[PDB]
Structure formats: structure tokens, C-alpha cells
Amino acid sequence: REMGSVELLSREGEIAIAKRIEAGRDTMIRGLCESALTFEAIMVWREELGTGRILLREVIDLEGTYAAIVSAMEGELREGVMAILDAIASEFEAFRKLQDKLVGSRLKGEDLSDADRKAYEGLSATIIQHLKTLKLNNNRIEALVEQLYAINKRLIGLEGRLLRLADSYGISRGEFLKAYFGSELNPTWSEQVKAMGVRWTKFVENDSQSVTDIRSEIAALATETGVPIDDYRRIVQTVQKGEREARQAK
Amino acid sequence: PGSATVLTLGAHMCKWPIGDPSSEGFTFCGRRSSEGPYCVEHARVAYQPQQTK
Amino acid sequence: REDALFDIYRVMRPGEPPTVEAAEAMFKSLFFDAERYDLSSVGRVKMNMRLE
Ligand SMILES: [Zn+2]
């Protein structure tokens with residue numbers, strides 16, 4: 001009954017569903033190859049590969065390499081991957097340095113605007129272009145997606161706890177994200193956000209003053225363990241959206 | 001071509017793909033197609049029209 | 001007749017959703033089909049004797 005009265009036979013829409021799955025995979029790959037721990041983990045893991053680690057069949061699919069171009073194809077793709085890693089090592093190091101500088105500026109308060117963001121974007125774009133054209137496999141992609149989902153679940157739990165602690169009198173849950181997106185650099189976010197509303201002062205004093213501090217400490221501890229803050233959130237969000245679209249198409 | 005990319009796809013919107021996902025320009029319709037994955041005509045053509053069984 | 005076919009389909013197969021042509025095909029395969037409703041010649045002669 002569910003199959004019949006509810007589901008409709010997709011006639012000539014198989015190719016459309018395949019294209020939708022391909023688009024979802026493209027979205028997931030684009031969200032993965034960005035300035036976060038995924039690009040660093042895929043770059044650091046690929047640094048050991050090629051010479052003494054698994055260079056092919058575990059990082060980049062052999063079919064995807066020569067798809068647009070067995071023994072000859074294996075050695076050809078291996079040398080190309082090694083050259084790409086050797087050329088992108090400096091870009092990945094610069095991107096990691098820029099991410100560390102941005103995390104320090106966000107944890108201290110000072111805004112790094114003297115070309116720091118420009119250098120970070122320039123170092124991240126090179127790594128993204130190198131990873132996208134590398135045609136990597138899904139083996140490490142699965143672990144990266146799992147780590148991103150775990151980090152996103154932890155962040156969502158922390159945000160929900162903060163919302164439940166701050167929404168006692170007259171606060172809501174949807175405003176917590178809007179407040180933390182623009183009031184995350186300063187450590188006294190709950191103190192410098194008391195512009196209007198009497199419920200905010202009561203929620204910040206004796207209501208959630210310790211909950212907000214615990215959430216900020218957890219976020220600071222999780223930033224060093226993996227990807228930093230303010231950059232990995234949107235990355236995991238877009239990768240989760242792509243995975244959800246792919247699962248819906250399937 | 002459509003008016004919505006693969007990222008700005010919200011709920012109650014068309015999802016019929018146009019073009020090649022591995023190409024440069026690949027977007028969807030992105031119109032009022034609530035209560036259905038695709039739009040009216042695309043869902044009709046994809047849902048095995050003239051259903052008599 | 002469509003309502004009667006739907007009722008017959010619901011009685012025979014309540015879980016399956018009755019259709020316009022599906023219900024008409026069910027009754028035909030049940031009684032109007034000699035492949036399933038294989039009434040022997042003795043049955044037909046007994047019917048002809050009971051009711052002329
Ligand atoms: Zn459409």
C-alpha cells in the first residue's frame with residue numbers, strides 16, 4: 001500500500017536521480033575541501049602517502065584519475081599525486097598558519113584585518129583547487145564526514161544547552177546562533193550583549209553566567225582538537241546539507 | 001537553466017536537475033513545487049504519466 | 001459499478017488500495033476467469049439441474 005498508493009514509479013527520472021546524487025556528492029566534496037580540519041587531515045594524511053604509505057586505492061580512486069584524461073596508470077597517478085602534494089604542502093602550511101592566527105585573534109579580541117583574511121583565503125583557495133582536481137577516493141572522505149558530524153553534534157548540543165540555560169525568563173533558542181555569530185570574538189559575549197530587554201540581564205546574571213562560560217570553554221577546547229571556530233561550522237553545515245540531499249535522492 | 005544552485009536549495013522547491021553535475025553550470029528549477037520533489041510538469045513526466053494499472 | 005468493484009476489492013484485499021481497473025480485474029480473475037475459477041463440468045451440470 002505504501003509503495004503503491006504513496007510512491008509513484010519514476011519513469012525516465014532515473015537519470016535525473018543519478019544527476020541529483022552526483023550534485024549532492026559535488027556539494028559534499030566542495031564543503032569538505034575548505035579551510036578546516038578536513039583539508040588539514042587530508043593533506044597531512046596524504047603527506048605520508050605516496051612514498052611509504054598507501055598512495056593509491058586508499059586516498060584517490062584510480063578510475064577517477066584517468067577518467068577525464070593498470071601498472072602504467074598506477075605509477076602515473078602516483079607521481080602526479082606526489083607532485084601535487086609537494087606543491088601544495090606550502091599552501092597547506094600557510095593555510096594552517098592563517099587559521100591559527102585567526103583563532104588567536106578570535107580568542108583574544110583583536111580583529112586581524114591587515115591582509116590576514118586575504119592571505120588565509122589565498123592559502124585556502126590553492127588547497128581547495130588542489131584537492132578538487134586530485135580526484136580523491138571516499139575512504140578518507142567517510143572518516144572526515146564522520147568527524148565533521150561528531151563536531152557538529154557536539155556544537156549543536158552545546159548551543160541547545162546554552163539556549164535552555166538562557167531562555168528561562170524571556171529568551172528564545174533561535175537568537176543564540178545570531179548572537180554567537182557576531183559576538184564570539186569577545187570573551188564577555190553574555191555581558192556585552194545586554195543592549196535591550198530586561199530578561200537578558202536576569203538570564204546573564206545568576207541564570208546562565210556559568211553555563212555560557214562552560215560553553216565557551218568547551219568550544220575553545222574543541223577548536224584546538226580538530227578545526228577552529230567560525231570556519232568549521234559553515235563547512236560542516238554545508239557538508240551535512242550535501243549528504244542530506246544525496247540521502248534524499250537515494 | 002534554473003534560478004537556484006545546488007547549495008541554496010530550500011524546502012518546498014523544485015529539484016529536477018538540468019545539465020551535467022560534473023559540468024560548469026548545473027542548477028535546478030527552484031520554484032513553487034511544494035508537496036513534491038519536482039515541479040508540476042517534471043513530476044508528471046517522471047511519475048509514469050497515464051497511470052493505468 | 002466502480003463503487004461495487006472497489007467494495008469487492010476491499011473485501012477480498014483490504015490492505016491493498018483499490019483501483020478503478022484493478023478492482024474490475026480482481027473480480028474478473030476471481031469469477032470471470034476460467035484459470036482461477038475452474039468450476040468442473042459436474043458443477044455446471046449440477047447447477048443446470050438445480051436451477052434450470
Ligand atoms: Zn523542475
# chains A, B, ... in the order shown; residues from 1 in each chain; ligands from 1
>>> residues_around(residues="segment 189-206 of chain A", least_positions_apart="6", cutoff="9 Å", atoms="only C-alpha atoms", output="short mmCIF file (atom, residue, chain, number, x, y, z; two decimals) with N, CA and C atoms, in the first residue's frame")
data_model
loop_
_atom_site.label_atom_id
_atom_site.label_comp_id
_atom_site.auth_asym_id
_atom_site.auth_seq_id
_atom_site.Cartn_x
_atom_site.Cartn_y
_atom_site.Cartn_z
N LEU A 165 19.60 27.25 29.02
CA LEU A 165 20.02 27.95 30.22
C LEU A 165 19.71 29.45 30.16
N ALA A 166 19.69 30.03 28.96
CA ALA A 166 19.47 31.47 28.82
C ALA A 166 18.02 31.84 28.54
N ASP A 167 17.19 30.90 28.09
CA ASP A 167 15.81 31.17 27.72
C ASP A 167 14.83 30.93 28.86
N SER A 168 15.27 31.10 30.11
CA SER A 168 14.40 30.86 31.25
C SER A 168 13.27 31.89 31.30
N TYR A 169 13.61 33.17 31.38
CA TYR A 169 12.60 34.21 31.56
C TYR A 169 11.96 34.61 30.23
N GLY A 170 12.73 35.24 29.35
CA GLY A 170 12.18 35.75 28.11
C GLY A 170 13.07 35.59 26.89
N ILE A 171 13.97 34.62 26.92
CA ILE A 171 14.88 34.39 25.81
C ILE A 171 14.36 33.24 24.97
N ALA A 179 23.40 35.59 17.93
CA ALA A 179 24.24 36.32 18.88
C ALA A 179 25.67 35.81 18.88
N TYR A 180 25.85 34.49 18.77
CA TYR A 180 27.18 33.91 18.80
C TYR A 180 27.93 34.07 17.49
N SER A 183 29.10 37.81 18.11
CA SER A 183 29.63 38.12 19.43
C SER A 183 30.42 36.95 19.98
N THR A 212 27.21 29.84 30.08
CA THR A 212 27.87 30.45 28.93
C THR A 212 29.38 30.29 29.01
N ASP A 213 29.95 30.43 30.21
CA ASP A 213 31.39 30.25 30.37
C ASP A 213 31.80 28.81 30.08
#
>>> residues_around(residues="segment 29-35 of chain B", least_positions_apart="5", cutoff="9 Å", atoms="only C-alpha atoms", output="JSON, numbers by chain")
{"B": [1, 2, 3, 4, 5, 9, 10, 11, 12, 13, 14, 15, 16, 17, 18, 40]}
>>> atom_distance(atom1="atom CA of residue 38 of chain C", atom2="atom CA of residue 4 of chain C")
23.4 Å
>>> interface_residues(of="chain A", to="chain C", cutoff="9 Å", atoms="only C-alpha atoms", output="PyMOL selection string")
chain A and resi 1+4-5
>>> interface_residues(of="chain B", to="chain A", cutoff="8 Å", atoms="only C-alpha atoms", output="list in words")
residues 6, 7, 16, 17, 20, 21, 22, 45, 46, 47 and 48 of chain B
>>> write_last_selection(atoms="C-alpha atoms", output="mmCIF file, in the first residue's frame")
data_model
loop_
_atom_site.group_PDB
_atom_site.id
_atom_site.type_symbol
_atom_site.label_atom_id
_atom_site.label_comp_id
_atom_site.auth_asym_id
_atom_site.auth_seq_id
_atom_site.Cartn_x
_atom_site.Cartn_y
_atom_site.Cartn_z
ATOM 1 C CA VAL B 6 22.927 23.083 -5.505
ATOM 2 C CA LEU B 7 23.611 24.950 -2.238
ATOM 3 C CA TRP B 16 14.696 18.474 -11.157
ATOM 4 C CA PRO B 17 18.316 18.575 -12.392
ATOM 5 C CA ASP B 20 25.645 17.876 -16.100
ATOM 6 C CA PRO B 21 26.578 17.798 -12.391
ATOM 7 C CA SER B 22 30.246 17.468 -13.395
ATOM 8 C CA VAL B 45 6.623 13.346 -16.880
ATOM 9 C CA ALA B 46 8.749 11.495 -14.305
ATOM 10 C CA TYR B 47 5.863 9.828 -12.419
ATOM 11 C CA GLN B 48 4.943 7.484 -15.304
#
>>> select_by_dssp(residues="segment 3-243 of chain A", states="helix (DSSP H, G or I)", output="PyMOL selection string")
chain A and resi 3-6+14-32+37-48+62-66+71-108+116-134+139-166+174-182+198-204+209-224+232-243
>>> atom_distance(atom1="atom CA of residue 74 of chain A", atom2="atom CA of residue 36 of chain A")
29.6 Å
>>> interface_residues(of="chain B", to="chain C", cutoff="12 Å", atoms="only C-alpha atoms", output="VMD selection string")
chain B and resid 51 to 53
>>> residues_around(residues="residue 228 of chain A", least_positions_apart="5", cutoff="8 Å", atoms="only C-alpha atoms", output="PyMOL selection string")
chain A and resi 36-37+99-100+103+222-223
>>> write_last_selection(atoms="N, CA, C and O atoms", output="tab-separated table (two decimals), in the first residue's frame")
chain	number	residue	atom	x	y	z
A	36	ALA	N	39.50	24.04	7.04
A	36	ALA	CA	39.07	23.39	8.26
A	36	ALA	C	40.00	22.21	8.53
A	36	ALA	O	41.02	22.04	7.85
A	37	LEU	N	39.65	21.39	9.52
A	37	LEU	CA	40.46	20.22	9.84
A	37	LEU	C	40.41	19.16	8.75
A	37	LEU	O	41.32	18.33	8.67
A	99	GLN	N	44.89	30.02	9.80
A	99	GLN	CA	43.82	29.56	10.68
A	99	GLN	C	44.20	29.73	12.15
A	99	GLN	O	43.37	30.13	12.97
A	100	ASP	N	45.45	29.42	12.50
A	100	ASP	CA	45.90	29.62	13.87
A	100	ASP	C	45.87	31.10	14.25
A	100	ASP	O	45.46	31.45	15.36
A	103	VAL	N	42.25	32.07	14.80
A	103	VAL	CA	41.76	31.54	16.07
A	103	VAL	C	42.30	32.35	17.23
A	103	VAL	O	41.57	32.65	18.19
A	222	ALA	N	37.50	22.43	21.99
A	222	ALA	CA	37.24	21.69	20.76
A	222	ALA	C	37.86	22.34	19.54
A	222	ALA	O	38.10	21.65	18.54
A	223	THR	N	38.12	23.65	19.58
A	223	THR	CA	38.76	24.32	18.45
A	223	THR	C	40.16	23.77	18.21
A	223	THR	O	40.51	23.44	17.07
